[PDB]
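> Sequence below, structure please.
(chains A, B and C, ligands or ions: 7)
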Amino acid sequence: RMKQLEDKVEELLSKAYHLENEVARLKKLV
Amino acid sequence: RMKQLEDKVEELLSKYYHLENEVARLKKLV
Amino acid sequence: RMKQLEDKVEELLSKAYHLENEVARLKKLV
Ligand code: NA
Ligand code: NA
Ligand code: NA
Ligand code: NA
Ligand code: NA
Ligand code: NA
Ligand code: NA
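Residues are numbered from 1 along each chain as shown, chains lettered A, B, ... in the order given. Ligands and ions are numbered 1, 2, ... in the order given. Have a look at this structure:
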């Protein structure tokens, strides 16, 4: 149950921090 | 347990919407 | 609350993926 969705939320957290940076890239160059 | 998960998924739910706006805005700006 | 949680991160993982795609698209327009 919960160790499965925690590692998903972990994955989610990583992704969010990833995309956040990407958007910063785009915005500073666009 | 389930407290911290719903906690973080709201962080994530809002992060993800926030990004969707940045992407929408950025699409207009290219 | 457990099942709603697991399905909520479902949407998140899937929106995470389309943001990667839409931010990848915007990369070579800027
Ligand atoms: Na996996
Ligand atoms: Na509550
Ligand atoms: Na936090
Ligand atoms: Na969207
Ligand atoms: Na996924
Ligand atoms: Na992935
Ligand atoms: Na790049």
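> Not counting sequence-adjacent ones, nearest residue to residue A:15?
residue C:16 (4.5 Å; C-beta to C-beta, 6 or more residues apart in numbering or on different chains). Yep, even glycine has a C-beta here, placed from its N, CA and C like the rest.
> Next up, the contacts around that neighbour.
Counting by C-beta atoms under 8 Å, 6 or more residues apart in numbering or on different chains, residue C:16 makes contact with A:12, A:15, A:16, A:19, B:16.
> Any chance of those residues in a markdown table with secondary structure as columns?
Shown next, in a markdown table, are the contacts of residue C:16 (DSSP: H, G, I helix; E, B strand; the rest coil):
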| residue | secondary structure |
| --- | --- |
| A:12 | helix |
| A:15 | helix |
| A:16 | helix |
| A:19 | helix |
| B:16 | helix |
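> now for those residues, which pair is the farthest apart?
A:12 and A:19 (10.6 Å; C-beta to C-beta).
> if we can go back for a sec, residue A:23 versus the residue nearest to residue A:15, what's the distance?
For residue C:16, the distance to residue A:23 equals 13 Å [C-beta to C-beta, to the nearest Å].
> Check residue A:9 too.
Taking C-beta to C-beta, one finds residue A:9 at 21 Å from residue A:23.
> and chain A, which residues reach chain C?
Applying C-beta under 8 Å from any C-beta of the partner chain, one finds that chain A approaches chain C through A:1-2, A:4-5, A:8-9, A:11-12, A:15-16, A:19, A:22-23, A:26, A:29-30.
> What about those, which are in helices?
Among these, the residues falling in helices (DSSP state H) are A:2, A:4-5, A:8-9, A:11-12, A:15-16, A:19, A:22-23, A:26, A:29.
> If you rank those by neighbours, which is first?
residue A:12 (23 neighbours; other C-beta atoms under 10 Å in any protein chain shown).
> Nothing else from me, thank you.
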